[PDB]
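In: coordinates only, sequence not included:
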Ligand SMILES: COC(=O)C[C@@H]1N=C(c2ccc(-c3ccc(C(=O)NCc4ccc(S(=O)(=O)Nc5ccc(C)c6c(C#N)c[nH]c56)cc4)cc3)cc2)c2c(sc(C)c2C)-n2c(C)nnc21
Ligand SMILES: [Zn+2]
C-alpha cells in the first residue's frame, strides 16, 4: 500500500544510512557477541535487515506490522540493556529520528587485480566510512598507547598500505592481496578481546569484503 | 543527519571508553542534575574536556577533584533530601547575597531539590590529531584541551 | 604576592543578643554580639550606655548567659563558627576593665557532617551541663564543674538525625531536653534525660507526639506552668505530659515567625517576631484548682504593631524592647498600655546605624573636590535604602526606598544615579506599601502568592529624590547595570541586562539587553537586543560592550545605526557570573571554577584563554589589583590571590594560576570597586574597597617585599604579647578553612592586628621591639593608618 511504500522508500532509506545504523543492520549473533542471557530475555529478536527483507518481498499484510517491528527493535535493546550504555543512546537517537520522520506518514591475473582494486576502492567509500574508519591508516603504536601491539602482532597492515601496494603493482597476483586483507582483519581479532567494539566493526567489514571477493574472476 | 561536531564527540567518547587511564566525572555529580551539562546529546564530553572536569591521569596525575554536591550554604539543599528549613527562611537568607549570585543560588535551589540519584596507555595523541584534522606529531593533554577549546569556540 | 587588608567600618548587623546580670548583680546588661565583635550595654531609665566593646577572633554564633552556684554574678559562654569555645567573666578594677577567660577549649570532632539548621547551644537552668549539637546524630555535652577548665566533652548517640530545634526544660530532678525531629512519618516532639553519670540518654518524662508539619521553634516555660510550646507555620501548641493545648489564630497565618523571647520571669507573656515586621505578643492565661496547683487553660495572641525585620528580640524594663536586625535598623521600642491612634501600641525611641547587607557599591565624588564618597545599596524588603558614606569616624547619610535595591551606577554627564530595585506584591497583583517605584516624579513601563517586580530608578545626586522609575516586563528580573559611552557615539547610555524566568525551566532560556538614555530629565529606550539566556554582568571594554550570557562570555560592538553587533564569543565555562577589565585583559569568575583570565587580541579578533585556576571554589566577587595579580573571595569567608606564574618549564605549567595567598577574612564579601577615602593630589600602593553582608567595609592594598617582611615579623611579635580574649590563637583564626582543606595564612598582613600595637603600654612596646626603637616603628604605624 501507500504507507508501506513510504516506509520502504523514505524511512527505511533514511535509517539505513544514519551514522548509528551499522550495529543493527544484521541479526544479533549472540555466540560471536558473547551474550549469554540475551536469548532468554527476549522472545522476538528483530533487526533492520529483517525489516528491509520483509518490505522488499512483501512479507507483510499490513503496514503497522512493520511499525511494530521497528518498535520491537527499539524495545529489545531497551529491555536487555540499562541506562548509560552506548547502545542505549544509539537506540534513543534512532527512536527520536524515527518519530520525527514517521509523523509525515500519509493517510587472467590482470582481471583479478582490477577486481581487487575495485574492491579496495569500495572499502574506502562513505557507504562504509561509519565503521570502517579504524583501519583506514596504519595503527599508531605511540598515538594510541598500545605498547605490546608491536610485540603481539608481527605484520601490521592497513587499507592505505594495500592501496599503495596496488598502485605500485606490488601484488603479482590477487591471492597475495586476499592474504593481506585477511591478515589485516586477523591481526585485529588476535590482538583485542572479543568484547571490544572494534572487533564488531572488523567482523562487519570483513563480511562485506568476503561478499565482494568471493566473486573474484 | 548527525552534525560534524556530534560525530566527532561520539568518536571521542567511544574511543575513550576503553582507556584505563580515563577518569570521567562521577555521573551522579550535581552538574548532571542541575542541567548545566545536557546528558542527551553526546557533545558534553568535549565540554567536560574543555573545563578539565574529565581528565587523563597519565597526563594530569594530581588534579583536585570536583566536589560531588555543593555546600548547602550556596544551594540550601542537602544531598538528595528535601531541606529541613522552611522556604521563607531560605528566601530571607538568600537576600544577603549580591544580585547575580542570588539568582544563581535561587536557580540551583529550585532545581536540585527535585533530583533523584541515578543508580550507577594514553590515547590523547590520536584524539588531538582527529580534532585538529577536523578543524583544519607528539601531543599531550594540554594540546587536547587547547584544540577542543578552539573547536567549541568556532562550532557551537 | 603581598597585600594588606584593614577594617574601615566595623560590622553593624546583629546575629545574637542576650540580657542578664553580667557586669554586676546590681546592674542589668544587654549584650549584643555582632560577628567578630562583642558589645556590652547597661540599661538605664534614660537609655543604653555602652560600657565596653571587645573584638574576638572568631564568628560568634552561640551566646548564652548562666549563673552557676557560688558565683555572685553571671558568666558568659561563647562558641564560634570555628568551634572555639570559652567561658568569660566581667572583671572590673576601679576605672580599668578586663574580660578574664575562665575556661576555654576546642570541641571540633575529627569527622562528621555539620547539621543543616546550624549550631545550637543551650545551658541547664541548674547549671550542671552545657548542651551542644554540632553534627547530625550526635549530641555534645560539656560537664559544668570548676575542674573542667579545659572543657573536656563527651558525645551521646542520637536516635534521629534530623533535629530541628532543642531546648532544656525547667524544673526536673535531672537535666531534661526537648526537641523536634523529622522522619518519613512526619515531625514529632520528644524528650530524654541526660544522665551525667552513665553518659547516656534515658527515656524522658512525656511521650513523642505528632506536630504541625512546619513546627520550627521550641520555647521552655519556667515554673510553675511547665512544658514547652511548639511554634508552627499555621498553629501553636503547648505540650506538658497529659496536658495539651493548641491555637490556630488566622492573624499569624499571613507570615512566618522567626524569633521569640520571655518577658515575665513567670512565663505569662512572650513576644514573637515576624518576617513582615509585625511584633506579636503571646499571652498565657493561668488557672488554679482546689489542690493549690497551677495549670494552663488558654492561649492568646495579639498584634502590637510594626518594627524593623527582627533577628532577635529582648526585654529590659518598663516596656523597653530591643530589636536587633540583619536586614535593617536596630530599634529600641516602647510598649505602651493603650493603642496609639492607629491600633499600634509600639513607638520607637532610638535607631542604630546598620549598613549591611551591602549588595553593591560605587565610588564617586559628588563634591568634585577630589574627596571620596561611597554610595551603597543596603537592606532588604521594606528596609531597603542607600547609605552615602564619606570620611569625617564616618558620616552616614540615609535614604529609605521601601524596596529591595540590587545595583547602582554613577552617571556624571547628567548627574544622577541609576538604581535597580524590586518590591514584593501578592497575586492581578497589588502593592503592599508605598515605595519609590510608585512615589517618583514620573513613571513609565516597558511594553516591547508573592511575585517580584523589578524597577529601574533614576536618582538625582543633589536631592536623592526619585526622578523617574521604569518597570520591567512581567516576570523579568534585572540583573546587571552599567553606564558607558559606546564606540564613537558621543551620547551616554544606561545598559541593563535582564533574564526571563518560568517555573519549568532549570536554565533561563530568554533574556534581554536594553540600552537607555537620560536627557531632558526623562528616561527612554534606545536599543534592545534579545539574547538566549540570562545576563549576569556587563562591562565597558575600550568602547565595546562585554557581556556574559549563561556560560558564554560575549563582546558587542556599537554600530552607527544604534545597534549592538556580535564580534566574538567564548564557551569554556560552567556559568560566568562576574567580570572585570583592565586594558585588554578580562578576568571572568565562574560559579565553581574560580577565576578565568583572558586577553583580547586586537589584530586577530578573538579571546586567547591564557590561563585558569583549577582549584574548585565558590566565588562571590573578583577584582584586579594590577596587570598580573587577581583577588577573589568565596562564601567560605576567605580571600585568595591568583597570580599568573612567572617561571614555567612546560606549556602545562603556564596554564595554572597559582593561589599565592590565603586569608580568612571572617566576612562574606559581596562586591569590589576601586577607590579610596582620603584626599590625594608611602608603603602602600593602590587601593580596593569591598562590602560585606555583615556591613563591614574594608580596604585592600599592595605591599613591597620589604614592607611585607617587616610587617610579618611585627605580626608574629604581637601574638606573643597581646592577650587575645578567649585565648584563641591568632593563626588558627586567620587560617584558610573550608569543607575540603585547611591551610595557614600566607601573603596577607592582618591590618586590625597591627593597628592594635598603638594601644599597648610603653613597656609592652619595648618588649615587642626588643631585638630599633618604638618611635621609628610608631612612624611606620602612622603612615599606615593614614590610608583610612
Ligand atoms: C582501546 O584501544 C584498543 O583496543 C586498540 C585500538 N583501538 C582502537 C579503537 C577502539 C575502539 C573503537 C570504537 C569504535 C566504535 C564504538 C561504538 O560504536 N560502540 C557502540 C557499540 C556498542 C556495542 C556494539 S555490539 O555490536 O557489541 N552490541 C550489540 C549489537 C547489536 C544489537 C542489536 C545489540 C543489543 C540489543 N538489543 C545489545 N547489544 C547489541 C556495537 C556498537 C566503540 C569503540 C574504535 C577504535 C583503534 C584502533 S586503530 C585506531 C585509530 C583506533 C582508535 N584499533 C584497531 C584497528 N585495533 N585495535 C585498535
Ligand atoms: Zn593522556
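Out: Received the coordinates, thanks. Numbers count the residues shown, from 1 in each chain, chains lettered A, B, ... in the order given. Ligands and ions are numbered 1, 2, ... in the order given.
In: residue furthest from the geometric center of chain B?
Out: residue B:88 (31.6 Å; C-alpha atoms, centre = their mean).
In: if you could redo that for chain A, that was the one I meant.
Out: Relative to the mean C-alpha coordinate of chain A, counting by C-alpha atoms, centre = their mean, the farthest residue is residue A:107 (34.2 Å).
In: tell me the contacts of the residue nearest to the residue farthest from the centre of chain B when sequence neighbours are not counted?
Out: Computed as C-beta to C-beta, 6 or more residues apart in numbering or on different chains, the closest residue to residue B:88 that is not its neighbour in sequence is residue C:256, at 4.4 Å. (Each C-beta comes from the backbone N, C-alpha and C, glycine too.) The neighbours of residue C:256, taking C-beta atoms under 8 Å, 6 or more residues apart in numbering or on different chains as the test, are B:86, B:88-89, C:233, C:274-275.
In: distance of residue C:256 relative to chain A?
Out: Residue C:256 is 41 Å from chain A, where distance means C-beta to the nearest C-beta, to the nearest Å.
In: equivalent analysis for residue C:363, please.
Out: To chain A, residue C:363 is 53 Å away according to C-beta to the nearest C-beta.
In: now the nearest residue to that residue once chain neighbours are set aside: phi and psi?
Out: Take residue C:363 and drop its neighbours on the chain: the residue closest to it by C-beta to C-beta, 6+ apart is residue C:675, 2.9 Å away. Reported as degrees, to the nearest 10, the phi and psi values for residue C:675 are phi 150, psi -180.
In: which residues touch the closest residue to ligand 2 within chain A?
Out: Closest approach of chain A to ligand 2 (C-beta to the ion) occurs at residue A:145, with a separation of 8.3 Å. Listed by C-beta under 8 Å, 6+ apart, the contact partners of residue A:145 are B:19, B:121-123.
In: neighbours of the residue nearest to residue C:363, how many?
Out: 16 (other C-beta atoms under 10 Å in any protein chain shown).
In: quick check: the closest residue to chain B within chain A vs ligand 1, distance?
Out: Nearest residue of chain A to chain B, counting by C-beta to the nearest C-beta: residue A:145, 2.0 Å away. Distance, residue A:145 to ligand 1, using C-beta to the nearest ligand atom, to the nearest Å: 8 Å.
In: what does residue C:352 give?
Out: Here residue C:352 is placed at a distance of 68 Å from ligand 1 (C-beta to the nearest ligand atom).
In: residues of stretch C:400-416 that come out buried?
Out: Judged by neighbour count using 16 or more other C-beta atoms under 10 Å in any protein chain shown, the buried positions of stretch C:400-416 are C:401-411, C:414, C:416.
In: do the same with stretch C:195-215
Out: Using 16+ other C-beta under 10 Å as the burial criterion, the residues of stretch C:195-215 that qualify are C:196, C:201, C:204-206, C:211-212, C:214-215.
In: still on that earlier bit, for the residue farthest from the centre of chain B, helix, strand, or coil?
Out: helix (DSSP: H, G, I helix; E, B strand; the rest coil).
In: could you find the closest non-adjacent residue to the residue of chain A closest to chain B?
Out: Here the residue nearest residue A:145, using C-beta to C-beta, 6+ apart, is residue B:121, at 2.0 Å.
In: can you check residue C:668 too?
Out: Spatial nearest neighbour of residue C:668, excluding adjacent residues (C-beta to C-beta, 6+ apart): residue C:693 at 4.3 Å.
In: residue contacts, the one you found?
Out: Taking C-beta under 8 Å, 6+ apart as the definition of contact, the neighbours of residue C:693 are B:96-97, C:13, C:356-358, C:667-668, C:670.
In: and with 7 Å instead?
Out: B:96, C:356-357, C:668, C:670 (C-beta atoms under 7 Å, 6 or more residues apart in numbering or on different chains).
In: again with residue A:101
Out: Contacts of residue A:101 by C-beta under 7 Å, 6+ apart are A:10-11, A:14.
In: so which of those is the most crowded?
Out: Counting by other C-beta under 10 Å, residue A:11 has the largest number of neighbours within the contacts of residue A:101, with 21 neighbours.
In: part of a strand, is that one?
Out: No. Residue state for residue A:11 (three-state DSSP) corresponds to helix; a strand is not indicated.
In: pick out the residue of chain C closest to ligand 2.
Out: Counting by C-beta to the ion, chain C gets nearest to ligand 2 through residue C:652 (11.4 Å).
In: now the helices for the chain?
Out: Going with chain A. Listed in chain order, the helices of chain A (DSSP state H) span A:2-6, A:12-17, A:30-33, A:38-41, A:48-56, A:64-80, A:86-102, A:109-123, A:149-152, A:159-167, A:174-191, A:197-213.
In: meant chain B, my bad for not saying
Out: Taking DSSP H as the test, the helices found in chain B are B:4-17, B:44-51, B:72-75, B:87-94, B:99-112, B:124-135, B:141-155.
In: helix/strand/coil for the residue in the stretch 201-350 of chain C positioned nearest to ligand 1?
Out: Of the residues in the stretch 201-350 of chain C, the one nearest ligand 1 is residue C:213, at a distance of 47.0 Å by C-beta to the nearest ligand atom. Three-state call for residue C:213 (three-state DSSP): coil.
In: which residues does it contact?
Out: Taking C-beta under 7 Å, 6+ apart, we find residue C:213 in contact with C:186-187.
In: mind doing that once more with 10 Å?
Out: Shown in contact with residue C:213 (C-beta atoms under 10 Å, 6 or more residues apart in numbering or on different chains): B:86, C:182, C:186-187, C:232-234.
In: next one: it relative to residue C:191, how far apart?
Out: Residue C:213 sits 21 Å away from residue C:191, going by C-beta to C-beta, to the nearest Å.
In: ditto for residue C:159
Out: On the measure of C-beta to C-beta, residue C:159 and residue C:191 end up 12 Å apart.
In: also residue B:43?
Out: Counting by C-beta to C-beta, the gap between residue B:43 and residue C:191 amounts to 57 Å.
In: and for residue C:340?
Out: If you measure residue C:340 against residue C:191 using C-beta to C-beta, the figure is 43 Å.
In: which of these two has more neighbours?
Out: Summary of the neighbour comparison: residue C:340 and residue C:191, criterion other C-beta under 10 Å, with residue C:191 having more neighbours (19 against 12).
In: tell me the contacts of the residue nearest to the more buried one when sequence neighbours are not counted?
Out: Distances taken as C-beta to C-beta, 6+ apart place residue C:204 nearest to residue C:191, at 3.0 Å, with adjacent residues excluded. When contacts are counted by C-beta under 10 Å, 6+ apart, residue C:204 touches C:169, C:172, C:174, C:176-178, C:190-194.
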